[PDB]
Structures are given as structure tokens and as C-alpha cells.
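Asks:
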Amino acid sequence: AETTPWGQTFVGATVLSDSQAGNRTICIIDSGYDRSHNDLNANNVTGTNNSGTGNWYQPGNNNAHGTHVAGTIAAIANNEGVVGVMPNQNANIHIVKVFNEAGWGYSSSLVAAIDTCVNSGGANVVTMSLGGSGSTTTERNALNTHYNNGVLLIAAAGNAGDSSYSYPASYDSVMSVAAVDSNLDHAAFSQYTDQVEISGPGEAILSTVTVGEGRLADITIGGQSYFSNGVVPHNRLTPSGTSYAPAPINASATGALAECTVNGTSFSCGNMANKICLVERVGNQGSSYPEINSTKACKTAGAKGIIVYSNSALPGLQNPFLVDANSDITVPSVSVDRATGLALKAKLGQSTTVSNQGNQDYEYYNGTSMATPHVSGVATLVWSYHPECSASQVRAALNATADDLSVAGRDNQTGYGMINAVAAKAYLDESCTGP
Ligand SMILES: [Ca+2]
Ligand SMILES: [Ca+2]
Ligand SMILES: [Ca+2]
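Residues in the sequence shown are numbered from 1 upward in steps of one, following the authors' numbering.
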């Protein structure tokens, strides 16, 4: 079975065809590409090794970021796993690995990595789900040169949750990408600046990760699965000395579905013993991490399994941190969007199985770094229909056809809005400058 993550559908990539993507080349500057992965092995992917990061096709351990990014761009269509923006093995992908498990390990600069993308990879699009706080004239000039030479540069705005500029995203020659969730709401962590240019799916993004390093969840009732609806295993964290460390609960639980009603700020769970506890999320991640509140409400009641669904404030699919100070949540708990939670209440009383599974080959990630590949992936796809147009023209098309979000007009949170592949393509169909 193959799933189409919400982001793929929202950007409109599923209705277009990448049959011509072979005339485009997108270079991913990141932590490598797990070429051994079933959903990535057979892509038209190449790479340029660097003395400091080993093989581009071997991310190593706990260095799956680049693989997740690559999966969003080109996870292969094959009835298993997921699908990326261009899943039919047409697009040319070049990999430049600048990150090792320990961190940046490239023998040279970011400018050098981009040079390699262009000179060695023949890249038309360079996607960078990375960022730093510093900026320089040499770098600004080098990237402006590549841009004017016809290379489209795209980067992540950052997840610091403030107005700071992250580079290269904040240079004028680069598209700064913001993150929004499945309800098109601005991601609380997404940095907001006057450089933010466009938005892409960046909360609860399912994609490929280094084989065996992922994690998934599922909800089954009447022999049917809610997996395709989006079920996120709780990113549980428990105390570990001077901080918190991941303490995932990977197990399965089965029992009659029962909901803990939320009245004001109080819970009416009753006796959840031997049952799967459905509960609406109280509060939302931002200045704090309240996931534990609704979650513990269920647990305290004796629930064997817990299903937390989004509230009306943030109805989209959330993948929040489950900060468990007392390490109380020792049962499998998951997160689903509001629509899914409301559909589940119709099944109350029925036998339900909730499960969190470790050692998987896919996983849900959050980040402007996840929104970025949606944008660069769509940019490459749309560009393949009109390779004659310049990078600046393609960039203009994406901006001119993005779906305005939040307050009317361009804003620092979402830029011009949610990228729209179909509209962008239609734009260039008229001419390289649109209608
Ligand atoms: Ca697949
Ligand atoms: Ca910029
Ligand atoms: Ca707006």
C-alpha cells in the first residue's frame, strides 16, 4: 500500500505529470541520500562526494534529514511507502552531502557546495533545507551570480520562532520558504521576516528516512486503517539529566473506543480501563508544550491506548512534543487532525487498536526544512513544462500564483501564500511572464 501525504495533494503535484522532468536537474544540499531505500534507490540520482562527508549515497547513522527532504521531492511511485512531488523516476537529482551525523562536515563552504551542484551536477534548481544566522557580501554576491545565471535557489526560513533572518534564505537571490500545517495555519516555529516569500507543507510531514530509523503509527477499527488520514506517533520526551530526551512508546493496544469529554478546562474521562481513549487536545504548542495535559487525562483514567485529536484553534494535523516530566505516558498514544477525531467519535464503543511502531523506513517531521522541498519540488516540476523560461521567471510565476494565506496580501508569516503547482503551470502556459 502506498500513501500520498497531505502536502503532496495540497500543493497540487498529484494532478500534474513529471513526464518531462528529465529536462530539469534539482540538487539537494543536505545530509545525504539513502540510496538503499526502496522509495529512493531507482531514481535518476547522482552525487558528488566530498572528503569530509564520505559517500553522498550513505547518510550514516542518525543523519536522515536529507533523505526525508529527498523523499518529499521524489519518493518513488510503486505501491509502497509514499510518493514525492516527482515520483515517476524522470527528474534528475544531484546530491551534495554537507552534513554528517555530528554536523556540518563539508571540506568547503556553502558557496562551494552550490558551485558543485551547478558545475558537477548541472543543477537548474538548488534546494537548501538549512540555514545560519550570519551573512556576508561574498556569499550574497556569489548566490546572486548563480541566480542571474539562471539557477533557481530555494531555502528554509528557519524554525527559531522569531523574526531573525536565516541565510541563505534571507538573501534576495533565494526564495525564503515558510511552513504551514494541513489547515494552512502558520507553523508557530516558522520564522517570520520580510524575506519570507512563499509557504509549503511543514507540520507533520511524512516521508522517507534512513532505513530502520523511522517510526509510524496506526489506528484500526473494523479491520480498516486510518493510516492514510494521518496518524502521528507521539514524539514523547522524558527527563534526561539537565534536559529532555526521546522516550518513544512503541507498542500496540486494543480496546473499546471511549472519549474523554472536554468541558472548559476540565476532563470527564470516567473509567478508561481496558479502553482506547479519544480526547480533544487542550491548548496548543507554542510558548509551551501542553500535549501532556489531554494525554495524561486519558492515562490517569486508566486508558490502554490514547488518541489525541486537534482542537478548533489548530484543526490541522499536529506533531507536537509530548513533554512527559513524570514519565506517566507508558502506553501508546498518537495524534490525529480534527476531522479524523470527529470521525472517530462516530465509532465510539467499537474495538480499536492503536499502535506506534519503531524501526520503520518512514517518519513524520516538522520544519521549514520540510516545506522547502515541497516548494523546490514543485518549482522543478512546473519548470519542466517550460524549460525555456528563466529561474527568475519561474520564481515570479510561483509567487504570482500562490494562494494568499493569513492576512490579505504578502505577509511575513506566509509570504505570498501556499505554493500552487497547477496555477503556476497555467501561468507559464500563457508565457514566461504569464498572461
Ligand atoms: Ca513509494
Ligand atoms: Ca530571500
Ligand atoms: Ca497573506
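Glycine included, each C-beta is placed from N, C-alpha and C at the ideal position.
(1) Beta-carbon separation of residue 131 and residue 182 under 7 Å?
(2) Consult DSSP for residue 68 and reduce its assignment to one of helix, strand or coil.
(3) Whose CA, out of 136, 141, 185, 256, lies closest to the CA of residue 407?
(4) Please report the distance separating the alpha-carbon of residue 399 from that of residue 419.
(5) Report yes if the CB atom of residue 381 is closer than 7 Å to the CB atom of residue 30, and no otherwise.
(6) Taking Cβ to Cβ, would you say residue 358 is nearer than 7 Å to residue 207?
(7) For my contact list, residue 249 and residue 331 are in at a C-beta cut-off of 8 Å; report their separation, rounded to the angstrom.
(8) Which partner residues does residue 227 have in the DSSP bridge list?
(9) Compare the beta carbon distance of residue 402 and residue 385 with 7 Å and say whether it is the shorter of the two.
(10) Report whether the distance from the Cβ of residue 2 to the nearest heavy atom of ligand 1 is below 6 Å.
(11) Note down the Cα distance separating residue 256 from residue 100, rounded to an integer number of angstroms.
(12) Does the beta-carbon of residue 174, which I'm using as the reference point, lie nearer than 6 Å to any heavy atom of ligand 2?
(13) Residue 42: buried (16+ other C-beta within 10 angstroms of its C-beta) or exposed?
(14) Counting C-beta neighbours from all protein chains within 10 Å, is the total for residue 429 16 or more, i.e. buried, or is it exposed?
(15) Please state the DSSP three-state secondary structure of residue 401.
(16) If you measure from the CB of residue 357, is any heavy atom of ligand 2 nearer than 6 Å?
(17) For ligand 3, any of its heavy atoms closer than 6 Å to the Cβ of residue 405?
(18) Taking the continuous beta strand (DSSP E) assigned at residue 358, which residues delimit it?
(19) Using three-state DSSP, classify residue 419 as helix, strand or coil.
(20) Does ligand 1 have a heavy atom nearer than 6 Å to the CB of residue 78?
(21) Cβ of residue 81 versus every heavy atom of ligand 1: is any distance shorter than 6 Å?
(22) Count the other CB atoms, across all protein chains shown, that sit within 10 Å of the CB of residue 356; report buried if there are 16 or more and exposed otherwise.
(23) Does residue 104 pass the burial test, meaning 16 or more other C-beta atoms within 10 Å, or should it be called exposed?
(24) Taking residue 157 as the reference, which of 425, 360, 180 has the closest Cα?
(25) Could you give the first and the last residue of the continuous beta strand (DSSP E) run that contains residue 205?
(26) Going by the beta-carbon positions, is the gap between residue 96 and residue 48 smaller than 7 Å?
(27) Quick check on the burial criterion: 16 or more other C-beta atoms within 10 angstroms. Buried or exposed for residue 350?
(28) Report the option in 28, 187, 226 whose CA atom is closest to the CA atom of residue 162.
(29) For residue 200, which of 369, 1, 24, 395 has the nearest alpha-carbon?
(30) Could you check whether residue 377 and residue 85 sit closer than 7 Å to each other, using their CB atoms as the reference points?
(31) If I follow the unbroken beta strand (DSSP E) through residue 128, where does it start and stop?
(32) Using the DSSP secondary-structure output, state which residues sit across from residue 174 in a beta bridge.
(33) Mapping the DSSP letters down to three states, classify residue 278 as helix, strand or coil.
(34) Look at the alpha carbon of residue 238 and the alpha carbon of residue 334, and state the distance between them as a whole number of angstroms.
(35) So what's residue 435 in DSSP terms, helix, strand or just coil?
(36) Output the boundary residues of the alpha helix (DSSP H) element that contains residue 7.
Replies: Concretely, from the data shown:
(1) no
(2) helix
(3) 185
(4) 8 Å
(5) no
(6) no
(7) 7 Å
(8) Looking at the DSSP assignment, residue 227 forms no beta bridge with any residue, so it has no partner.
(9) no
(10) yes
(11) 46 Å
(12) yes
(13) exposed
(14) exposed
(15) helix
(16) no
(17) yes
(18) 351–360
(19) coil
(20) yes
(21) yes
(22) buried
(23) exposed
(24) 180
(25) 205–208
(26) yes
(27) exposed
(28) 187
(29) 369
(30) yes
(31) 125–128
(32) 153
(33) strand
(34) 16 Å
(35) coil
(36) 6–10
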